[PDB]
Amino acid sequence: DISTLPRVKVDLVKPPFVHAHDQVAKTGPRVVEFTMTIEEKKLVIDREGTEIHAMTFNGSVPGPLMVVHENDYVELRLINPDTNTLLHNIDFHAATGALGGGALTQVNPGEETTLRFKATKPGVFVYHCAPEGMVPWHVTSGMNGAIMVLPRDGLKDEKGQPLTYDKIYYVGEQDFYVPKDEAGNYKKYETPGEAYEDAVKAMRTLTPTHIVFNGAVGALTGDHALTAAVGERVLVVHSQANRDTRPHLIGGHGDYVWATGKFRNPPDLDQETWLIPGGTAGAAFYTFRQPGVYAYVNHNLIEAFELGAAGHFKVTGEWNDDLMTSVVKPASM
């Protein structure tokens, strides 16, 4: 049966971008092949130079977004080069059995494996590393991403009518727990292993020290802001593998939102803010109507503005005064 299926290899792209794909499937089911290489690396997360030992899928935090269609077979080759120091694996929330694939994919430095699973349910899901006994440590070290299983007929609105996006972006949100000395200064370690005993004590406080998009404070800003034009329909996929978040587009809305990200359910309309539970991927669809800067934020504003969970959208086009206008510009009484 599988022997007879057509096969296509896909080369992944770095978040927030997403590899090429078709919204509506033009072919029948296939075996979609992906290759990921694990990379343990030092990463600076804030302006002051705080450094950590990140554990990554393909070298980025979050890992890249995989996109397939319902009933395709996902075939993943997972390599753990000998330059890494730790055993890793992968658990796909989109998969059925063997702990999401975690029990079948344990690779020490120097090994590789190939897992295949059928994508039976449509929606966006989280995938994350989950080695027995050190699960929260690898996940909160940035070792998680997401996979999108699109219905073979693409997205649909509250009424069964089609929704087609022009642009798609992947925002992976990450809670980091950096050990601190007695004064509150962050600690630095030589190897991931040296940080371990202190990492566990830091996590039990349950209070992240940083919460960031795309692996660092200010990663999606300035020359890195997300882009769009008035009139474009944009799909933003957002994932949180460990902790709850509440995304909000400042100056915009979520016209159609799947908060818990499962496409067999109808979307919720006109959301100002929506809750994505820890361990879940969500998707919101919005059509830009006004140009300018928009702040995309986790709406606990302390987590957004003090801890790092804020990104930007830079949108081009003409201003519409019917929708909003300054009748009287700020001036002295």
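A residue's number is simply how far along the shown sequence it sits, counting from 1. Think of the rigid core as the biggest set of C-alphas that the two forms share within 1.5 Å after superposition.
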Q. Between 97-105 and 167-175, where do the CA atoms move more in 7 other deposited structures of this protein, taking the root mean square over the structures and residues after a core fit?
A. 97-105
(Q) Superpose by the rigid core and compare 179-187 with 88-96; which one moves more, by C-alpha RMS, in 7 other deposited structures of this protein? (A) 179-187
Q: Output the stretch having the higher mean C-alpha B factor in the entry; the candidates are 59-67 and 40-48.
A: 40-48
Q: Look over 274-282 and 288-296 in the entry and identify the one with the greater average Cα temperature factor.
A: 288-296
Q. In the PDB entry, which of 190, 255, 173, 72 has its C-alpha at the highest B-factor?
A. 190
Q. Per the coordinate record, which of the options 200, 119, 99, 241 holds the highest CA temperature factor?
A. 200
Q) Which third, lowest, middle or highest, does the CA B-factor of residue 133 fall in along this chain? A) highest
Q: Among all modelled residues of this chain, ranked by Cα B factor, put residue 265 in the bottom, middle or top third, i.e. lowest, middle or highest.
A: lowest
(Q) Sorting by Cα B-factor within the chain, modelled residues only, which third would residue 144 end up in: lowest, middle or highest? (A) lowest
Q) If you rank every modelled residue in this chain by C-alpha B factor, which third holds residue 196: lowest, middle or highest? A) highest
Q.
When the deposited Cα B-factors of this chain's modelled residues are ordered and cut into thirds, is residue 25 in the lowest, the middle or the highest one?
A. highest
